[PDB]
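pasting an experimental structure with its sequence.
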Amino acid sequence: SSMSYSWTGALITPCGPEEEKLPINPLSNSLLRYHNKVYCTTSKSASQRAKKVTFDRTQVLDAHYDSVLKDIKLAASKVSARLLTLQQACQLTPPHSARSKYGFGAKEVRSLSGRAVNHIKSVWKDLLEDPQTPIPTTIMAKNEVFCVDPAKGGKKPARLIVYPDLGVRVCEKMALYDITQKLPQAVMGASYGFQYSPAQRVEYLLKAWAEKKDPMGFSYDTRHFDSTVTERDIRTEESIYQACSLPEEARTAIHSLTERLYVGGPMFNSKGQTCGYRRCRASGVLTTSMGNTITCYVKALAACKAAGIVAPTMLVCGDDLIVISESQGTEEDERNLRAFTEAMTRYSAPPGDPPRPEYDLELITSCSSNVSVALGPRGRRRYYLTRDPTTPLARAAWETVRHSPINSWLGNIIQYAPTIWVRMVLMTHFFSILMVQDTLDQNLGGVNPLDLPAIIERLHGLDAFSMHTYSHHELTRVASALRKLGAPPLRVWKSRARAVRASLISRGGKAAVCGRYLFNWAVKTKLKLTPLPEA
RNA sequence: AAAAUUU
RNA sequence: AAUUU
Ligand SMILES: C[C@@]1(F)[C@H](O)[C@@H](COP(=O)(O)OP(=O)(O)O)O[C@H]1n1ccc(=O)[nH]c1=O
Ligand SMILES: [Cl-]
Ligand SMILES: [Mn+2]
Ligand SMILES: [Mn+2]
Ligand SMILES: [Mn+2]
């Protein structure tokens, strides 16, 4: 029936110039050697991406879908949710959000400039006066950085971003933000994945696994999920939004946004030309995560019931999920997962890689991460969250005139502090760099390097500084990724760390704490690391 | 471009 | 600001 896109033939123009790396990457040329592998997806590649995501959809629902959907509205109606004052919505706008076509940008919106506020008022009138006229959208390519992978293609084509003018974005917020805050949690309960910390993901997954007499797990992801979303799916999304308690004024705006923005519309490139027309999810709308998550959750629970999955326990973050089920023997488990996949495909959410049942928690990847295990100080098992380091290390090497990766380094250090690759590689480099710069004191992205031991303990527990005997998988994968990027192997990082440490210690102060906590793995005679007053 | 988490 | 979807 519905085609996901149609294309005029107009280019997908760049929204400003997309920078090149330089001949010298001074911050990262001691991190790794193979900078030729580190690239940023350009708008040149956008054409290819479109070809991949433009395709015909044929949804076919059934009793299981219909029944799940029913249950989800009886959930929805316990939610009452309100409008957001034009002002409050303006306040929620990000500081650097792309400026409006009508001569104002996010400074003005957040500072409640008069021109901005009027224009927004008029936009919201038109939403109320008019529930059919399609709202124009802009289409741009996303700039992510990756390592090349000649296994899976050379270089990925750029993801497509589709969004309305800033005025419309504010209005969306007025109508829906409150919903986004309440609905999913209400509908999916514990299954709603974006509620949890990394640590709670891990505990949740473990509680799940442990509760089964004979657990079986698997993950699923949908291929180009946004383009698999059907006009109908979106309307079904609306009909769930509506199922709450709502100011009549909302309903009108929601319904109006649904029909004018969410189910489709014309797309324009940055140069102004008509680019195509869209009949699936737009990436750049307020409802994207909520939508994806809810919709994916419906289809998945339906597919679960179709396929026979016993005692499923789910976790959903957008198009990504994990189900931990009672195993029905491998012969049947293989059969049920085929069924699941057929069902999902009938619902128009077919997978990239077909899923597979697994019976070891380390072998289930989702949202690009997984659970692994190591031993802590007293010799007990410690489960934690990790991931292939390839991309993090690639992004660690993205240095241009505009961009510096030092923030990225730190970002990953915090999120993945217990991982062997953060502890041995990133930390070591990060500190080594700042000691030489002599810029330990400086707060980066509103965080101070010398707090780190505190911040990590607060978040990952003290065992994060004492962990050892990492898993085969994890050692194999780290080593492999360092070779791939032309980085020194771990033995070399051991050396560099020892040096960084001694130097950190000798400097004394909050420094020497860092030296002693963060790098205790690096030394022959370990130390009695005790809790830190701060967290 | 949007959200969530982390800070 | 970091990461993810
Ligand atoms: C565009 C999506 F709908 C996308 O289709 C969906 C699923 O994410 P995934 O990373 O699996 O990518 P695809 O499924 O290939 O789109 O999540 C949304 N998404 C993703 C990446 C992103 O920077 N922003 C975003 O809004
Ligand atoms: Cl322990
Ligand atoms: Mn996907
Ligand atoms: Mn309606
Ligand atoms: Mn995904």
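Noted; the coordinates are in hand. Numbers count the residues shown, from 1 in each chain, chains lettered A, B, ... in the order given. Ligands and ions are numbered 1, 2, ... in the order given.

and for the residue of the stretch 101-250 of chain A found nearest ligand 5, the neighbour number?
Nearest residue of the stretch 101-250 of chain A to ligand 5 (CB to the ion) works out as residue A:221 at 4.5 Å. C-betas here are computed from N, CA, C, even on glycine. When neighbours are counted by other CB atoms under 10 Å, residue A:221 registers 19.

please apply the same query to residue A:321.
26.

and if you look at residue A:272?
Residue A:272 has 11 nearby residues by other CB under 10 Å.

I'd assumed it was in a strand, is it?
No - counting by DSSP: H, G, I helix; E, B strand; the rest coil, one finds residue A:272 to be coil, located in no strand.

tell me who's in contact with the residue of the stretch 51-200 of chain A found nearest RNA strand B.
Using CB to the nearest atom of the strand, residue A:194 is the residue of the stretch 51-200 of chain A that sits closest to RNA strand B, at 3.0 Å. Residue A:194 makes contacts with A:184, A:289, A:293, A:317, as judged by CB atoms under 8 Å, 6 or more residues apart in numbering.

next step: the residues you listed restricted to helices.
In helices, defined here by DSSP state H, the members of those are A:184, A:289, A:293.

tell me the domain boundaries of chain A?
Chain A breaks down by curated CATH domains into domains covering A:1-368, A:369-535.

tabulate those domains (JSON lines), appending distance to ligand 2.
Putting the domains of chain A into JSON lines (distance: least, CB to the ion, whole Å) gives the following:
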{"stretch": "domain A:1-368", "distance to ligand 2": "16"}
{"stretch": "domain A:369-535", "distance to ligand 2": "3"}
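
got the phi and psi for residue A:104?
phi -170, psi 160 (degrees, to the nearest 10).

apart from its chain neighbours, what residue comes closest to it?
residue A:116 (4.8 Å; CB to CB, 6 or more residues apart in numbering).

equivalent analysis for residue A:249, please.
According to CB to CB, 6+ apart, the nearest residue to residue A:249 is residue A:83 (6.2 Å).

for the closest residue to ligand 5 within the stretch 351-500 of chain A, give me its contacts.
Proximity of the stretch 351-500 of chain A to ligand 5 (CB to the ion) peaks at residue A:367, 6.9 Å away. By CB under 8 Å, 6+ apart, the contact set of residue A:367 is A:193, A:317, A:320.

same question, residue A:296
A:222, A:225, A:316, A:318, A:319, A:321, A:349.

surely the fifth one meets residue A:225?
Yes - contact criterion CB atoms under 8 Å: residue A:319 and residue A:225 qualify, at 3.7 Å.

now for the two: what residues contact both?
With CB under 8 Å, 6+ apart as the test, residue A:319 and residue A:225 both reach A:292, A:296, A:349.

distance check, the nearest residue to the first one once chain neighbours are set aside against ligand 3.
Beyond its immediate neighbours in the sequence, the residue positioned closest to residue A:292 (CB to CB, 6+ apart) is residue A:318, lying 4.4 Å away. Using CB to the ion, to the nearest Å, residue A:318 is found at 8 Å from ligand 3.

can you check residue A:467 too?
32 Å.

hmm, who's touching the strand or helix carrying residue A:473?
In this assignment (DSSP states H and E), residue A:473 forms part of helix A:472-485. With CB under 8 Å, 6+ apart as the test, helix A:472-485 has contacts from A:32-34, A:37-38, A:147, A:362, A:372, A:374, A:386, A:388-390, A:393-394, A:397, A:419-421, A:425, A:487-490.

at 6 Å instead, please
Defining contact as CB atoms under 6 Å, 6 or more residues apart in numbering, one finds that helix A:472-485 is touched by A:32, A:34, A:362, A:372, A:388, A:389, A:390, A:393, A:420, A:421, A:489.

show me what whichever strand or helix holds residue A:312 is packed up against.
Assigned by DSSP H and E, residue A:312 falls within strand A:310-317. Packed against strand A:310-317, as judged by 3 or more CB pairs under 6 Å, 6 or more residues apart in numbering; DSSP states H and E, are the following elements: helix A:288-307, strand A:320-326.

which of the contacts of residue A:194 are buried, as a ChimeraX select command?
Those of those that count as buried under 16 or more other CB atoms under 10 Å are selected in ChimeraX with:
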select /A:184,293,317
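
the nearest residue to residue A:191 once chain neighbours are set aside: how many residues sit nearby?
Distances taken as CB to CB, 6+ apart put residue A:314 closest to residue A:191, at 4.4 Å, once the chain neighbours are dropped. Residues lying near residue A:314 (other CB under 10 Å) number 22.

which residues touch residue A:314?
A:191, A:321, A:323.

try it again with 10 Å
A:188-193, A:208, A:296-297, A:300-301, A:304, A:321-325 (CB atoms under 10 Å, 6 or more residues apart in numbering).

quick check on those: which are buried?
Using 16+ other CB under 10 Å, the buried ones in those are A:188, A:191-193, A:208, A:296-297, A:300-301, A:304, A:321-325.

spell out which parts of chain A neighbour RNA strand B.
A:92-94, A:96-98, A:142, A:161, A:163, A:169, A:173, A:177, A:180-181, A:194-198, A:283-286, A:288-290, A:414-415, A:445-447, A:451, A:455, A:458-459 (CB under 7 Å from any atom of the strand).

coming back round to it: and of the buried ones among the contacts of residue A:314, the nearest to RNA strand B?
residue A:193 (7.6 Å).

OK, contacts around the closest one?
Neighbours of residue A:193 in contact, by CB under 10 Å, 6+ apart: A:184, A:200-201, A:204, A:293, A:297, A:314-318, A:320-322, A:366-367.

out of the ones in helices among the contacts of residue A:194, who's nearest ligand 1?
Nearest to ligand 1, judged by CB to the nearest ligand atom, of these is residue A:289 at 6.7 Å.
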